[PDB]
Amino acid sequence: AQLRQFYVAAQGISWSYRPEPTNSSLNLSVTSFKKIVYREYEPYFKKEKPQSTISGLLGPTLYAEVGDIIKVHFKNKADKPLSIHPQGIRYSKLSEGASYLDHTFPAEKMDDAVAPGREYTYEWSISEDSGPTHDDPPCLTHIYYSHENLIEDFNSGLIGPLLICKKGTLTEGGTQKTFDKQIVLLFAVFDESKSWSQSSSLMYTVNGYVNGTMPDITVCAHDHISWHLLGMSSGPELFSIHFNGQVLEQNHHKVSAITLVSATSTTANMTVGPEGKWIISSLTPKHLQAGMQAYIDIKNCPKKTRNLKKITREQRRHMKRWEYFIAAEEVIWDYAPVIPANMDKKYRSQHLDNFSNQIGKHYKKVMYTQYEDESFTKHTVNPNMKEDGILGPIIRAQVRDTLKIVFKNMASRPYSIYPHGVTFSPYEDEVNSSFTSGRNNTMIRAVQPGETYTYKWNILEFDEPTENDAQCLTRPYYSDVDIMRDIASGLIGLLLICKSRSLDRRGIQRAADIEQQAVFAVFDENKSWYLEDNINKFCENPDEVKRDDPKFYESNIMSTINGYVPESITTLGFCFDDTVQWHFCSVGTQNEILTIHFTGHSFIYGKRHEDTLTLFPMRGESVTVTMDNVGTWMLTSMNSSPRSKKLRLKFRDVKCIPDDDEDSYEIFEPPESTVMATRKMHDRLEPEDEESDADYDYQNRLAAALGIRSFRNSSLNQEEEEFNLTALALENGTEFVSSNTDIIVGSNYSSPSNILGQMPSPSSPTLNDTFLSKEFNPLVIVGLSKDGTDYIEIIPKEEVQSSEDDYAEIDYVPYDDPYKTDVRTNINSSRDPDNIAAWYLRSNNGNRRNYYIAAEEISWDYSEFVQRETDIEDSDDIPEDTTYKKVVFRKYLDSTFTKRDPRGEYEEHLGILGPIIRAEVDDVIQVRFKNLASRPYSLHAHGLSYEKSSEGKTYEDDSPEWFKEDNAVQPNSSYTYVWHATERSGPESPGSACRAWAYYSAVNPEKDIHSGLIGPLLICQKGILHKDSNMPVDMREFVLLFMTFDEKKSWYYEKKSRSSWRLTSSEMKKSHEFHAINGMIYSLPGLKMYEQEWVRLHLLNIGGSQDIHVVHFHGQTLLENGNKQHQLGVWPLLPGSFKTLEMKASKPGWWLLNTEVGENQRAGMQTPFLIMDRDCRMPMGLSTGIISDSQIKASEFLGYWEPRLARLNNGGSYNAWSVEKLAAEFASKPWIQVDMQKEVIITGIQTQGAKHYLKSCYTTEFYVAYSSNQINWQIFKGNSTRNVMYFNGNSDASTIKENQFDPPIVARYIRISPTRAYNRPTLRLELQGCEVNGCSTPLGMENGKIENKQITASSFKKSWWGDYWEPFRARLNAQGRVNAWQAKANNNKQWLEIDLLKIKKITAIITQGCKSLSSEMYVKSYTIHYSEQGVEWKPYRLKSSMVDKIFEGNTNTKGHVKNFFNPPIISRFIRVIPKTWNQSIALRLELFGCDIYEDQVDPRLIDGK
């Protein structure tokens, strides 16, 4: 246990982004912007503490360890109120640092802002749950900033780092015990226009420097470094950091590039190379336009030589260096190979044709060519596939080997090559500055024309792929002299590094084909230096050209895949039950993010299925796809940007010929070693044999590991250091009910009958609407006019497929014309009978699950629940008050489509989202779709497997005599879709309960993102769902979509007419569209949860572009579960992402939900949510006499049985309320209305019968209604199937029955009405609940908890009659002749004192008294005093003047009176002063309030030193 005390101050300096001096950057007043920055001081603010030289504009680093307390003494020194706010800590209301509407008293409003020249103290406590001990690097990093004004505070500085470490790894000075150096980096963009001073300057900055002017970072050789990477900007930005000639390990993955988004942090581990000076920078072209660079220098520190810097000798049994030959040769390139017949012969297009638009484009390029022997450049080129038009040769290398590359330049300019992450470090010690001068920061030497050179790559043991990776990795390689202009010319290469277990492309499962066709490149001809030569011969004359013409500038950019335009590309074919390994990479960069989606199949990424890929600039990925659906499909750039929508590939999965011999053309793989022409790799030993026929030949100097090698010691021991405090116990992701209301009985249920017994939809007998219809037929109103047509089809007969890796490739001649025969749909009798659901019914699973869905049109208002915040009338939110026509999905009951199913209480935080579709593993789902709109719509699933005639797109090639009924459902029509759940759609083995998918209408992709059609669905394991109703049983689930809506693309029949697009480029229709979560901008209701409870969250984002959303929950830390137990604090969401997370609630109150991206958070996307209390089963009066009889009203009573004089529970002579006549057919029943004058939380209700005159009467069923005003009300429904909740009621007289409201309700008027009863309808009720937006609970726990030593009336204990009326017996319900004391003196100077050990906050007091049957005696008035230590005794007085407020008292022997007081009192000692007494003084009491959470700052190791 330690106390970490820090002294800080925010002060103003003069700064110009240039380091001639380190701190006060001025020279001859060239430029000087005002800035405000944090600074650290010595104790008691005596002298400023000296700063290092690397960090110019960066706050002090804060560090902490689990089990400690942080105290901060912030004070202000600028002309601005400022504050401080951390990110990943468990807050309290006194140490948050942010201001919003949370209904807090004035004493809680000091953290919001401090005045210039004043100071405040911040206290934080760390516990197990906010800990780093979940199988991850020991120390996590976070960022802290100012919350007073997000836009203006950040742009003037005010940024600081925070670190949290595990237990036992920290020293006195803040350093660890193992690592040698810790380095922190910051990347930022500063905009001077939005700042304290108004100017115009935009800077891209590392720390505080611009244009690559940063002091060097010098380290020694072969040392371990720990890196802490941040990144932040006021707008949407992304960073792709790269370290030259180095490799890193992150989250059990070996990487060479680090991707970051604004307001994120990351930790990394690194080992450095032998020597040299290297550059580090980003890869986004916007960053390459500016400097964005930093330098690193490695020196040879003496006597620290670890006997290994980077060296491995040549004693490898299977050496891969051979004689590799490449060349860089000029060529004429034709982009469209369609004008030849089908040659694709990569021959030089010598024809120099010149048209208006180039045909035979003859662009001058330079490309990587390949040869055979050491007599380099003689006419012998190794043949390969006709595809891969412009990519260089593919290179393969394993671990622990050498590669010898011979490069000859023949393109009249210097050129070179270097790979990414392939080598831990090039063997730069061998080379010398005589030739390899390294320029300044390269260490790689270019080669002049007519010269040859040799490079020696060496793969070390530290470059091996980790066990939690794919089969093996892919990396790019290109030129070094000038990255952008060399990339503009067509030279690209790929290198594959494969594992010591992965034999070098011998056999990868059964990989018939390997697709290197996965490179997307954008070529710009305005930057390659070959522009002059082609522009000389392009036009009729070269003297009339200029860059002003858009038709000239835009026409020179070509976006292609593998150098071919997507139009002129043939299809592909694949054998059934075959595996294909793809590897994607993007080199042509357009500072954009790209995503791709497969149709009909799914990926396997790591240990999970994704079915959607997002690729980053200059990054490589590897996936594997299993072929299992016999049909034609298409890879598409789904979720595309508004531009570049023409990116598609076409493939076929054909049923394989059953011939035992010569099913297709195949001799296996005749090369088997990538051998079409030898002598390029003749020393490439046989892939069949690896480095040990019987043993590995080994030569190394194994002394780098100071300790034991310990490769056996895979220290993934799941170590869990534990330390708990307050009420925060250790947690791991499981199914935890934790602390809330719950009972052991009931709970789960089974599903005995599954094959056909599941008919749950028509269960509800009555509903709201009524209009009769039936299912009819598909009813495609339009004729057979090309609704189903061969949109895409090519039939190729090609031999160069070559069956690249393992097994045969189809001949494309002997295929099946339908190739969807199976037995399912290959039926020539009738048409499309829905009996295929009976087929493939998986064993005994059965579980035919039926759903009915309709689509219809409504009107929507974005901002409705803002009324409470709408203090000024103005408009709703805009002069155009946010009302637009939309179309949505809705759920009905039966095939008639006549009655609607009302939305209950669980499903109200949904808004525009449609009904939820739930299923268990391996279940058949039949869904009916009914179109009630005025134009066609369809239904497209996602993730789950399906067969054709169950899709919604209009691309398919398979067009049999069935002109497909689906793909268009015109008005007044219905269809039946059949879907099947399988194993690959389920969750993981050790992961959460289940995951989430989505569906949407997909016939034009601009009706699903917009116009309101969203359909998220859930698939979960066996034994979870309930038989009667498809409901979860274990945990509370929440579903969160959030995405901006643009009301200009929903133009079909919700058309954007609006006075012909009325705007002046300054309206929110165009300028700032509606940022919304579930269709509303603020005040999302229906979010309630208990304290110390587990909640499952499904965060899903689909569609959109260039939108990255960071999610923050105030006061809570969320855990990510599944197979690795990774804990984090903030999650970013990418386009087309689905995530499942778990969360635990910490403390009650009102908290905020937002996204901390920046300027798009102040214009919407905010939501306050509530945590209520641990328990609320406290009676709310109505039996003890607190509630008066004037608040009770009924409509009918028999007479002499009053309705208001009968609400008591356990007494009376004439007891209850009677009606004397039950209704005929329905309830239509008289009601009892109860009012409470306030808003409270209601949880349950008790009931009792009647028994008099040798007769027993009791109600059996009833139903409840509630309201906040007497105008309108609702009917309670939850976990029920008959759309109204029917309670079980009584069974016998004089026996209490208890019921629970599964979601707590909020209201002020309640009314319950019976429906059936035995004998005459009779009732007797009691109510249970608690108070809203406050801590109201038996804090003192006077009735059972406090020991009999702290509540002795030490003030004036002149109380005893003699061992009879001993004090501290003053408890609310003390049976027997026991109560508080009776004063012997009965004077006016004698009072009561109560002591508590810890400071606590008291809110209300209930003073029941006069418990004595012999004689009744109470108190009529009293006053209150309090103190800190016991010498102050500050009287409780009103805000007007110094007057002791008088209080009320009892009025009868059995009476409970509860006194409030608006300002709660925070103290330890309390004193009660009796003033007026009817008779001898007697008392009983109970205290209410709560304890301040983090006051655990008792002295333990002061000053932390």
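Numbering starts at 1 and runs along the chain as displayed.
Per the header of the entry, the method used was electron microscopy, 3.2 Å.
Quick reminder: no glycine exception, Cβ is built from N, Cα and C everywhere.
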Which candidate, of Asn354, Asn639, Swiss-Prot gives the annotation N-linked glycosylation site:
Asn354
Taking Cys220 as one end of a disulfide recorded in Swiss-Prot, give the other end from among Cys301, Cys472, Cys498.
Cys301
Would you mind checking which of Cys994, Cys1176 shares a disulfide with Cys1020 in Swiss-Prot?
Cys994
Listed residues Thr612, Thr674, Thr1247, with the one flagged phosphothreonine by Swiss-Prot:
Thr612
Specify the nearest of the binding-site residues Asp111, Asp112, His1112, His1114 to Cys220 (disulfide bond), where nearness means the distance between Cα atoms.
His1112
For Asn269 (N-linked glycosylation site), what is the tally of other C-beta atoms lying within 10 angstroms of its C-beta?
13
Could you state the CA-to-CA distance between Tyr812 (sulfotyrosine) and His1112 (Cu cation binding site) to the nearest Å?
54
Helix, strand, coil residue numbers for the domain 'Plastocyanin-like 4' (508-656) per DSSP?
15 helix, 58 strand, 76 coil
Cα separation, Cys165 (disulfide bond) to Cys1335 (disulfide bond) (Å, whole number):
33
Helix, strand, coil residue numbers for the expression tag (1494-1505) per DSSP?
3 helix, 0 strand, 9 coil
Hey, which of 175-301, 508-656, 847-1020, 1176-1330 has the most Cβ-Cβ pairs under 8 Å against the domain 'Plastocyanin-like 1' (2-165)?
175-301
Going by C-alpha distance, which of the binding-site residues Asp111, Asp112, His1112, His1114 is nearest to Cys472 (disulfide bond)?
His1112
Other parts of the chain folded back onto the repeat '2-35' (762-770), taken as Cβ under 8 Å at six or more residues beyond its ends:
893-894, 898-902, 1028, 1281-1283
Report the listed stretch (508-656, 847-1020, 1176-1330) having the maximum count of Cβ pairs within less than 8 Å of the domain 'Plastocyanin-like 3' (320-498).
508-656
Among the binding-site residues listed here, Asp111, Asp112, whose Cβ has the fewest other Cβ atoms inside 10 Å?
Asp112
Work through the disulfide-bonded residues one by one (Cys472, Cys1330) and point out the residue whose CB has the fewest other CB atoms within 10 angstroms.
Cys1330
Work out how many Å separate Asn432 (N-linked glycosylation site) and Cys301 (disulfide bond) at their Cα atoms, rounded off.
20
What Cα-Cα separation, expressed in whole Å, is found between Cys1330 (disulfide bond) and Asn828 (N-linked glycosylation site)?
68
